[PDB]
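Chains as they are written, first to last, in the entry's author numbering: chain F, 2 to 333; chain E, 2 to 333; chain A, 6 to 59, 63 to 207; chain B, 7 to 59, 66 to 207. We put the CB at the ideal spot given by N, CA and C, even for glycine. Below is one structure, written out as structure tokens; the observations come after it.
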Amino acid sequence: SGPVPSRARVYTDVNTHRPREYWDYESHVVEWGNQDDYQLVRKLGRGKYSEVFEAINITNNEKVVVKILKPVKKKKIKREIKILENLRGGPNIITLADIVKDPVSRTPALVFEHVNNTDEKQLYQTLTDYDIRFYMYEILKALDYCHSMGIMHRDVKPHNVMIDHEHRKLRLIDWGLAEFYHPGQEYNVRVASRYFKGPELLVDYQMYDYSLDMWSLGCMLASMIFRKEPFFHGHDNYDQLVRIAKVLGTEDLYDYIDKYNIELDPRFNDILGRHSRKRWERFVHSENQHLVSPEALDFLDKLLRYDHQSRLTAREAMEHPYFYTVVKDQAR
Amino acid sequence: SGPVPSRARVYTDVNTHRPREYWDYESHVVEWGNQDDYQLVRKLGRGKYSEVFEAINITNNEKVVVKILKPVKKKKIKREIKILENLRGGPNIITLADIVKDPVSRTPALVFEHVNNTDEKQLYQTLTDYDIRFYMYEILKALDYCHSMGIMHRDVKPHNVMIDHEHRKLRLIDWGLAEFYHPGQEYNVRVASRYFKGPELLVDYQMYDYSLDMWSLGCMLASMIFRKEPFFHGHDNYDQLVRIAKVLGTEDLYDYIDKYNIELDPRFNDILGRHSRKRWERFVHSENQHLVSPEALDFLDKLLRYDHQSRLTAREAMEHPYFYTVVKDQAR
Amino acid sequence: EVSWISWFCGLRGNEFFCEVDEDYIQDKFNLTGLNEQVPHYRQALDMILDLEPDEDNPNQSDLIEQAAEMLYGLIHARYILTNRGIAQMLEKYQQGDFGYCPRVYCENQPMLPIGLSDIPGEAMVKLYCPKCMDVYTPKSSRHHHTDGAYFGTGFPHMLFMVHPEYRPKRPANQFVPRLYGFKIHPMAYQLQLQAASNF
Amino acid sequence: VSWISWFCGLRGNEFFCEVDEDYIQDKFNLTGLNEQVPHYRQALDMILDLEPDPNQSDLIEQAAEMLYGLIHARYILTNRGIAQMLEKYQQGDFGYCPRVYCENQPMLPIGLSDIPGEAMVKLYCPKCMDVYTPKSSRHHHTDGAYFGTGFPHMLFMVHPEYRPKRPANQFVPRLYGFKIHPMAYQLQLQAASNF
Ligand SMILES: [Zn+2]
Ligand SMILES: [Zn+2]
């Protein structure tokens, strides 16, 4: 027994060579600010861990975003706070402005700088081809930066990308599931969102890395260019791998679980069957064809692979022809 | 049999020679003002007929006095409004500022200009001899003016004299019992206040005049200079005459009811007896002697007489030696 | 046995009423104008004063009884504005006969009866808290049938005009809405009200 | 009959809604509550109608009631909880505002403190935006902490359409028709101060 060990092709050892208290989040002492600085205006959204409100700072009066965190193990709270702070300042990363607490119930809240996003859904419906290229590039800037700082997001999806389309401003948000990369470490396969879960999570392969994020980024791209959301629409975690297998083919999947000697769930055996690798051109139709080019399809194909190690790194992705036209405009 | 008729020695026919609507108060149309101009501040006092509050005129932020009038025959309400208006402007008469009504219940209120009074206690007990003279003169100015305008007050007493001692300002207030004088008219003997009722009222002699006010003013003066209040302290209206009779003597009383052929009420039969006229010096003692002079006693004696017609008129009173020293200061 | 006034004020629901003195009612001057407001005034007054009635008509006797109740009520409204009325009502207030303010931050301040209108028929009796200075509906339903006009719009206002020493201090504390510790900014309400208005 | 169904059914417990078993069975929702109730393990068992195994049975029953209460306070902040409480509000289960000018606006339960023991359940009127004591005494023993300081505020954050307009009218004190000037209360407070 023993599944084959794996390691990230890039930034494998960034954490090894940093002082522990960069990655030792349990030991991070939180410096609390004054809650009465912030007063709530409206509810923005909510979710499995938090409730989110727009608010106003009364010191100087400008808007903020307050992510109020529901009871979890203090461990998880420190993890997010450390990562938010480690990455703060970095390109397209959300700026944590302050941390505050309800003295009584001691309910902790994160205060972020305001991001004025655009009907994101109602935005896509008319994103253009250049727009998808442009925004995809900006995600990659964040993804490369956070990977370079030794962190994997582990929950890349459209809800976690804020777009101020008016100001062509993007920000990779919600690091409540992000974690530090340590080579050799077995991680929790219960992360992401069932439509954005990489094959490695679906087969219970635990020694994953930054590449998980690139699979998710693939699932986003596929969704935007083909105009099908979500792209892999599984009914449960098992079915999710079937939906992927129906596109990528069951060949490369059994090759993948052999290459890494992964004990498959006996239940996967009984639903996967035998499927051919479908050509990406096959999902192209009249509604989407204006977003599909050969470079788009090549790029997507180099992102959505069972073998996490054969997926592009975020830096490599940025080098693809798909972004040539973007990088040129960004050469001002 | 039947009583001898009587007439005022002065201003007998001032009403005869004026347009009716001067004295025909039933035909007075009241012009109402806006109640929402006035807002109440504190209760000042009360009466059988009214409730009195200090208020503030929010249109220009001034203190006023609001006399709220409890349900009476509308006749009486018009009578007071007409008189207040006829006398308005005159010396030491209370200025009626406005009349208002509760739109819903229709409770009418008189609005007067603010008078800062000080209370019996601090005042009379502690007035000087000049003070009594000064203020008595000022009452006479009002009394002469209202008589000259053909009106008898019919309720002169200390509660109906406002004194702003600080500003040496005096006001003759509460004309709810005042009435127009018409020679030959039989009036209601139920007026005034037991202690200030003139003999004419106590024997049911109805053809009285302005002189009634002079009796009352006598009872006031007696009270102030002798330091005894009230001066004639009757237990009921019948006893009230006995108290008077013990001072002025029962002769001049039986002379008075003979002169006018007045039918004495059968319950005065055995009650009055026979009493000598007592010298005014008799009420002088150490506590009061600083207020008592010969001029004061002569003045009083010419005011408190059973025969209404032998009492000084308000103008004659002003000529008395008692006021020589005041009239002289009045003319620097 | 007991007097009419004593009976009436003793009835379930009439807990806010005090017993008017017979002196006050027997003095015609105090009831000036009330004959123009109640049917069967003569007979209604006679009942109130426990005097000889006039009984063959079993429904007429119930019509007088209503008029007696209406007249008593209207007399009451005048009576409690007078020094002695206030004196009696003040006694009841010091016992808490009128109930207590439901506002949390008023801390059970004893209340006073008040009429929203002086005209009978228009509204039932409400309660006036002298601390928050607002007006409440009585908690118990037995008080939901007593006409407000039998207390009047001015009663509590008069009482404090006459006994200003009884006026309680304004509440030391106020309610502060917090969600998870955060106060709610007032912009949150325009916003909300729009969502109702837009709706 | 389910324990939850019984508890919410008791006299006094009219303000509680029935918490979904899904919500309780999901350990993640009850994070931290084991540090707040005695006999957590057994209390949770009772709430879920599971096999148990004296006065000890009553001690567990109290803890079950306490834990249910604290779960409730988290549950009603959630979309589904609000949905249920909203149903109860549309029926007027929480009582109505006693302020005359609020015209019987239906109210919502609120806690003045989130810590159990500190205060009993109060009612929030969304029209006057103030807080009242329940009229009926059966509700004077229900802990405020089992509803929480944030319930009504959240409900309107989630369903802003349900916020009523501010009261169209106000009380105006009148004496014999006259309004009372504000300097009447100032003098009245001065008098009371001297006694
Ligand atoms: Zn109150
Ligand atoms: Zn309300």
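Would DSSP call residue i helix, strand or coil?
i: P109(E); result: strand
i: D165(F); result: strand
i: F190(B); result: strand
i: residue 209(B); result: Since the displayed chain B opens at 7 and closes at 207, residue 209(B) lies outside it and no answer follows.
i: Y113(A); result: helix
i: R316(F); result: helix
i: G219(F); result: helix
i: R47(B); result: helix
i: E24(A); result: coil
i: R150(A); result: helix
i: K198(E); result: coil
i: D14(F); result: coil
i: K75(F); result: helix
i: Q207(E); result: coil
i: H309(F); result: helix
i: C14(B); result: coil
i: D132(E); result: helix
i: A143(F); result: helix
i: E73(A); result: helix
So residue i and residue j are in contact, right, with Cβ under 8 Å, and what is the actual spacing, rounded?
i: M132(A); j: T154(A); result: 6 Å
i: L120(B); j: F163(B); result: 7 Å
i: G185(F); j: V15(F); result: In fact, because the Cβ distance is near 14 Å, the residues do not count as touching under 8 Å.
i: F233(F); j: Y196(F); result: 6 Å
i: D214(F); j: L144(F); result: 6 Å
Which residues does DSSP list as the beta-bridge partners of residue i?
i: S51(F); result: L70(F)
i: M166(B); result: According to DSSP, which records beta bridges pairwise, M166(B) is partnered with nothing at all.
i: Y108(A); result: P118(A)
i: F181(F); result: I152(F)
i: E63(E); result: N58(E)
i: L173(E); result: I94(E), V162(E)
i: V143(B); result: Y136(B)
i: residue 421(F); result: Residue 421(F) cannot be examined here, being either before or after the span of chain F that is shown, 2 to 333.
i: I100(E); result: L111(E)
i: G46(F); result: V53(F)
i: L41(F); result: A56(F), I192(A)
i: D155(B); result: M132(B)
In angstroms with no decimal places, state the Cα-to-Cα distance between residue i and residue j.
i: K191(B); j: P176(A); result: 20 Å
i: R275(F); j: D308(F); result: 19 Å
i: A49(B); j: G160(B); result: 21 Å
i: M163(F); j: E114(F); result: 12 Å
i: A318(F); j: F284(F); result: 22 Å
i: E264(F); j: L242(F); result: 15 Å
i: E180(F); j: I84(F); result: 8 Å
i: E115(A); j: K134(B); result: 13 Å
i: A98(F); j: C220(F); result: 31 Å
i: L89(B); j: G177(F); result: 21 Å
i: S69(B); j: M52(B); result: 10 Å
i: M195(B); j: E41(B); result: 55 Å
Kindly indicate which residue of the options has the alpha-carbon position closest to the one of residue i.
i: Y50(E); options: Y188(E), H168(E), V73(E); result: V73(E)
i: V31(E); options: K198(E), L45(E), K77(E); result: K77(E)
i: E20(B); options: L167(B), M166(B), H152(B); result: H152(B)
i: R172(F); options: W281(F), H160(F), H183(F), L178(F); result: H160(F)
i: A75(A); options: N65(A), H45(A), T90(A); result: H45(A)
i: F269(F); options: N289(F), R244(F), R278(F); result: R244(F)
i: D55(B); options: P146(B), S148(B), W9(B); result: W9(B)
i: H168(F); options: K75(F), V11(F), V112(F), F135(F); result: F135(F)
i: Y113(B); options: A180(B), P172(B), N206(B); result: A180(B)
i: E27(F); options: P6(F), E63(F), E187(F), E81(F); result: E81(F)
i: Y188(B); options: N67(A), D126(A), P146(A), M141(A); result: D126(A)
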